[PDB]
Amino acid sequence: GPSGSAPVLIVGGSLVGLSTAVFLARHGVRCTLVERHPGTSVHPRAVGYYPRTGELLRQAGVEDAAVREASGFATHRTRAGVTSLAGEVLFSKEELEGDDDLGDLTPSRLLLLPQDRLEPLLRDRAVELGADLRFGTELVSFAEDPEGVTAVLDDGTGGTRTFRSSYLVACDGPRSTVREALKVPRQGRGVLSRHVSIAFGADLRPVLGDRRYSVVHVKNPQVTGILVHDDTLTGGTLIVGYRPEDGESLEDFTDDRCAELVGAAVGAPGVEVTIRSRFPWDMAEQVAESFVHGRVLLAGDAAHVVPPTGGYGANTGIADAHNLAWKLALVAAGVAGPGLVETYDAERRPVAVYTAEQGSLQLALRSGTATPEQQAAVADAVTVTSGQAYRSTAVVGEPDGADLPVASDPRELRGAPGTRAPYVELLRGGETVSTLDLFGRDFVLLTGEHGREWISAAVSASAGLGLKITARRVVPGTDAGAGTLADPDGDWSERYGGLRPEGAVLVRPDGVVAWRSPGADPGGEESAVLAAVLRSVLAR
């Protein structure tokens, strides 16, 4: 029998599915999420979230909560190699070199928060916004027809139930039920190496003393691996490899064998070790050839598995959720055509390919197997995560505008179409407001001081297309009043690419520039031009 319907069914309740639920619910889209596990993750995989992801958590309403939960990890500022935690230090450096001078580009910083503490924050936020989260519930099969998707659900309580949606968003991980049902092929290097993550309890306070590490590379004759200690210094995760080609297998990782390895990594006799969880995983590079299959969308690790060297995977998946959610909201609202959904593939798949390659390059670099060309190809994590340029029907390039790389120095992009609309602190009323805090719900049009023709065009297009558009003139200095944003520094038009006083920029709900005009329309047809821009972007 039926167990309901909703515009969107989300499969998977890890970071990408929970993020999808939050962003859809924030746009007022009713969704149901199914997660086979009885609750959120027991074994944390992700720990590091780059500043763009911090900006996306702020849009989600959970960044401040995450930063408060992470306050113990805030001191873990050093990456190190050691023989053991008790033993000799082999190298020591900063975890993210210039985390300290990001302030010109973003108000966020590197966030270190284990995944098992971030997921509950997203879960509680999704529930507050009205998402229907069904844990202990597995998607078994589905079928698409011209009007929707019918899913078969198993909550273990005997019999299966059907669910009917308009869209199915597969956030169901590297072995995606949905991707495999659809027989979507994946490209890339495939499986490179086999690993186990060993979550452990051990009192490390006497061994670490006052030292606090982000990540520790351990190398001694008994164990080679990565240790990440927790904020209370009473446990962590030891990540090791094994080689089936040498007769090693997962079966080898008994509790006793895991405790031996953790003890060897800690290096202090008499340290009592508790094994909390053993998480097997493969180091892999595999990207789906397409992320949109009619009414079925692939997001996160269902769409792309990247080598975890560089910590890009959850960052990339949360940005996928953020890209798709506003698009499904506008299609479900009847304000956009279904072509807008296809742009999820056009925009996120090339990022996924680039990011998967970056993970692979980091792995080559750390493995000492990197050619001089592969070394030169490694990008800054802020370039990978903040420097993206989209090409799709939801981006309208300037006539003179040139084709941008998939990712490049974010400091140079200066609000080009398809890139992140820059962070500028402006004034509204008596408050400071970030450009970033204007974005996340509606289209936003920001104009120069003399941009009233573009403002008028936004008011007209809003009525004509049934679309809310926030439109403001940005006025340099502090001599500004109601209906404007003040730009005390006079930085805004330069940071947005040298917009003239009559110029304008149109920002999508995801904070990506859709379109800009340096000045007035040459033909004085601002109203017709902005309407045509929005019709193209909205696939109508």
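Each residue number is its position in the shown sequence, starting from 1.
Asks: Hey, which bit's got the bigger mean C-alpha B factor in the entry, 255 to 263 or 114 to 122?
Replies: Result: 255 to 263.
Asks: Do the C-alpha atoms of 485 to 493 or of 39 to 47 have the higher average B factor in the entry?
Replies: On average, C-alpha B-factors are higher across 485 to 493.
Asks: Using the temperature factors in the entry, find which of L227, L365, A319, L330 has the highest value at its Cα atom.
Replies: Each of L227, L365, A319, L330 was compared by C-alpha B-factor; the highest is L365.
Asks: Just the C-alpha B-factor column, please: which of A86, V353, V292, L324 has the biggest number?
Replies: Highest C-alpha B-factor among the listed options: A86.
Asks: Split into thirds by Cα B-factor across the chain's modelled residues, where does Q187 land: lowest, middle or highest?
Replies: According to the entry, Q187 has a C-alpha B-factor in the chain's highest third.
Asks: Going by what the PDB entry lists, where does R508 fall on CA B-factor within its chain: lowest, middle or highest third?
Replies: For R508, whose C-alpha B-factor we compare with every modelled residue in the chain, the answer is the lowest third.
Asks: Among the modelled residues of this chain, does the Cα B factor of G81 put it in the lowest, middle or highest third?
Replies: It belongs to the middle third of the chain when residues are ordered by C-alpha B-factor.
Asks: Would you please rank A528 by its C-alpha temperature factor against the other modelled residues of its chain and give the third it falls in: lowest, middle or highest?
Replies: Within its chain, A528 is a middle-third residue by C-alpha B-factor, going by the deposited values.
Asks: Consider only the C-alpha atoms of the modelled residues in this chain, order them by B-factor as the entry records it, and name the third containing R500: lowest, middle or highest.
Replies: It belongs to the highest third of the chain when residues are ordered by C-alpha B-factor.
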